[PDB]
Structures are given as structure tokens and as C-alpha cells.
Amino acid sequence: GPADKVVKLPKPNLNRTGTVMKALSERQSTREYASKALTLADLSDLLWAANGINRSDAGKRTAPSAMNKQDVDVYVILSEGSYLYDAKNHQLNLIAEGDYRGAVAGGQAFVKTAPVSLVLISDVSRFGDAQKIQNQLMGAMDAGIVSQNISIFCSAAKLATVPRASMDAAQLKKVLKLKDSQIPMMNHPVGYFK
């Protein structure tokens, strides 16, 4: 049924000025962030870049996926609550109230300073048996792909981010109410540069 809270995001701003070649030139991991929340425009553009619908007729995405199974769900961990990005409606649906940035950090405390973390969770059951390692590998490739959309957008938009595999995956499974077929693969703390 409907989530208890919904964040409708603005249309993505396709007129931003950062070129691909400059974004690749400046692409880098940054592990310190301003405490300030992302504006809604920056969050919207970030999530659309990550894994937004870019072809509304076909339902296809900014990120390719094996067999077009679109397995990578982007969970958005904010201080107020954790949300799932719904690409079809370009909106955030609340999953759990509370600040779960600690679960993402998994022992690296700088992660708790980012205003947002994106967790890239592959629903490996979209490929069939979530137990088969070739399915898990495709999920890992697919996650990598979404990760780099985030890193490239962040470079263009002058946002700090670092791709990460470390996290408390057991705690995230509980707090985000994941099924065991949904495997956290990577996360991206994101913020303005400090």
C-alpha cells in the first residue's frame, strides 16, 4: 500500500553545464562532507543520474542491467528516515523512520558525517535463483554501473562522494526490511564538499 511518507522529486535538470570529459577529469573519492542537506534539485538529479528512467516508452534506465532486469534498487539513507527510490514515479517512498547512517558506515566513521548515503542493493532474485554465484556476479557488475553514474554525476555537479563496499550488511538487512534475495553491494556517502 502507500508509504507513510513520499518525497516527490522535481523533473531532472537536463540543462546542467558539466561536461563528461571534465567530470571524468575531476572524478575522485572524497571522504569528508559539509554537514548541510542536499537541496531537493541536487538529490533529484543525483537519483535520476544513478538509475532514473531515461526512455519512458520502454521503461529503460540511465544504468544498463543484465537482461534488462533492472536489479539495482537505490535506497536513500537520510537523517530523518530511509527511503527507496521509485524510478517509475521519480519519487522516494519511506522504508523506515530513523537515522541509519551508522549501519552504512560499518566502522568508517566519516560516513556518518554525510547528509545522505545511497545504498545499491541488487535484487538478485530478478535473475532467478539468488543463491547462484553467476547471478550474484551480475548483480555486482550492475551495482558497479550504478556506482559510476553516481561518481560521474557528483563530479559534474561538484558533490563529494566515495564508492564503498564496506557496510554493516546484517544491520541494513534488518533496518531496511530487505529480503535475503536483496544483497547490498555498494554504498555512496554523498554531500557538498566541506
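The numbering used is simple: start at 1 and walk along the sequence shown.
Higher mean CA temperature factor, per the PDB entry, when comparing 129-137 with 49-57: 129-137.
Relative to its counterpart among 141-149 and 30-38, 30-38 has the higher mean temperature factor, C-alpha atoms as listed in the PDB entry. Among the modelled residues of its chain, residue 25 has a C-alpha B-factor that falls in the lowest third, as given in the PDB entry. In this PDB entry, the Cα temperature factor of residue 160 sits in the bottom third of its chain's modelled residues, the lowest group. The PDB entry assigns residue 120 a C-alpha temperature factor belonging to the lowest third of its chain's modelled residues. Split the chain's modelled residues into thirds by C-alpha temperature factor. Residue 95 is in the middle one. For residue 87, the recorded CA B-factor ranks within the highest third of the chain. Only modelled residues enter the ranking.
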